[PDB]
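Positions of Cβ are generated from backbone atoms using ideal geometry, with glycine treated the same way; all protein chains shown enter the neighbour counts. Nothing in this text is a laboratory measurement; each read-out follows from the coordinates by a stated rule.
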Amino acid sequence: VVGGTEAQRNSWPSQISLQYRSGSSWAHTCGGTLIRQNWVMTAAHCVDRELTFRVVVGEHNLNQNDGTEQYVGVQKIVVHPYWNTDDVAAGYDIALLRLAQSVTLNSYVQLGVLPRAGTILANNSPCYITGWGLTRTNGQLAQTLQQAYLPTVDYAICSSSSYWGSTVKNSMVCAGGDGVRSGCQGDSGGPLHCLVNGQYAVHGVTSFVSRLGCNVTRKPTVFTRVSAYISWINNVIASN
Ligand SMILES: *C(=O)[C@H](O)CNC(=O)NCc1ccccc1
Ligand code: NA
């Protein structure tokens with residue numbers, strides 16, 4: 001997250017760190033959202049590589065003992081069947097991870113609330129992106145979980161020529177684009193939390209930003225629109 005602030009330890013208890021095994025250690029690669037005690041929602045592109053993955057829930061600082069973490073292996077990966085790695089602009093950037101054990105819920109570990117199917121946010125709706133992604137284009141990961149205020153940019157504006165044009169689809173949510181605050185490498189797969197009727201829900205799964213940089217004016221961060229996938233999510237969980 002570029003232009004973020006440090007999240008309070010208990011603000012976003014559904015945020016997870018998706019990590020892969022790297023020699024004798026684990027490396028953060030993406031975010032995700034805990035949606036059942038044994039299921040995580042992330043981006044399809046986060047799991048294109050044939051790696052060994054684990055999920056960390058109750059994580060705040062990637063590099064220090066928080067005293068709240070639970071570490072769990074990924075048992076099964078279900079990518080959206082229409083996902084195509086060489087065509088992120090097509091959409092379908094979403095995957096579900098079944099965890100090897102069911103995590104224990106507490107103030108640091110909670111299920112993410114998903115929007116009702118079909119829900120579209122009004123332009124300029126209040127949202128926060130969260131994650132441990134780069135704090136500058138071509139920078140380095142955050143140590144502590146970051147948040148940035150990223151109001152939505154509706155489809156009409158987002159798909160206009162000076163924004164993303166044809167690259168953005170109605171199956172996506174755009175947010176931000178102010179040139180200061182943005183998602184960035186390592187935030188992918190994580191949540192966009194939006195306040196609706198007094199309650200935060202996870203409306204987006206972080207998918208992409210500009211090849212030119214993270215915080216680029218009129219290139220808002222683009223997210224998979226969770227409310228487009230409710231039936232798919234329910235279908236996967238019910239058959240697995
Ligand atoms: C998931 O985290 C995202 O896909 C992140 N994407 C980027 O951060 N892309 C911008 C970028 C700029 C310069 C070099 C590499 C990537
Ligand atoms: Na930690």
Checklist entry - Got a sec? How would 9, 225, 181, 49 order by Cβ neighbour count within 10 Å, fewest to most? => result 49, 9, 181, 225
Next on the checklist: Ignoring everything except DSSP H segments at least 4 long, calculate the 222 nm mean residue ellipticity for the chain; use -39,500 (n - 2.57) per segment, divide by total residues, nearest 500.
Outcome noted: -1500 deg cm²/dmol
Item to check | Net +/- balance of residues flanking residue 185 in space, Cβ distance below 13 Å, scoring K and R +1, D and E -1 | outcome: +1
